[PDB]
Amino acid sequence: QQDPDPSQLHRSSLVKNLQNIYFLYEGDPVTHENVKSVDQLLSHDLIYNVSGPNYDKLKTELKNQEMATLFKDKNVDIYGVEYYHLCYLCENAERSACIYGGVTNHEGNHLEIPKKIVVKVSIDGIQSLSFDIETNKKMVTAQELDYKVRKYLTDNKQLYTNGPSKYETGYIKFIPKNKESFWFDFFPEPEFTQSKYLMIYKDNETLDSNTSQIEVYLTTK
């Protein structure tokens, strides 16, 4: 049994300040095209000189040093859900943003036309809702896909709100073409930190956009 069970899943009704998870998926994601790491804090992270409405430096934390050097100084694209609480490169990183993973090679990884993907959503067992998600990458991180999914469901199904969720449990499952499938829980532990919760993107898991499937499971009450 690789897939979770009722008891394994976190209940949104026990979470304090679940609005923090809400603000992460409701707001825009950090996206950048064809950039190169300019610095490094620890051996398993990389820093980029890119900018967004609230930052001019972005620090991504990857699986380990091997993955960091694998992408260091190499031309890559960034797609990630960022946080600010407890993020900085010292008392000399006034406007930094942090994320985990969300890194993909830029060269030869784009599609002419976006590749739409169906997201099968089940609620209390009943698979009663399906929608489309799209990407421009041949190899897209699970994080990019995940965000687009939770963003859509946050706007259209109140998966998240500045407060409670109308759902009790929920989780996203990715089914790779031949590799093993994996999942992420939509809700954190009762007392959590944005930084700890986002570690789920730390492994930088990437997928083949043309052959991967996505499944969401929600429970109400």
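Throughout, we count residues from 1 along the sequence that is shown.
A summary of the deposited B-factors shows that, of 163-171 and 191-199, the stretch with the larger mean C-alpha value is 163-171. Legend: mean Cα B-factor per stretch from the PDB entry, 148-156 versus 49-57; the higher mean is in 49-57.
For the set 33, 39, 28, 180, the maximum C-alpha B-factor listed in the entry falls on 180.
Per the deposited coordinates, the residue with the largest Cα temperature factor out of 142, 97, 78, 129 is 129.
Residue 213: CA B factor lies in the highest third for its chain, per the PDB record.
Looking at the C-alpha B-factors along this chain, the one for residue 21 belongs to the lowest third. Placement of the Cα temperature factor of residue 109 within the chain: highest third of the modelled residues, per the deposited record. Residue 12 sits in the highest third of its chain by CA B factor, as recorded in the PDB entry. The PDB entry assigns residue 103 a C-alpha temperature factor belonging to the lowest third of its chain's modelled residues.
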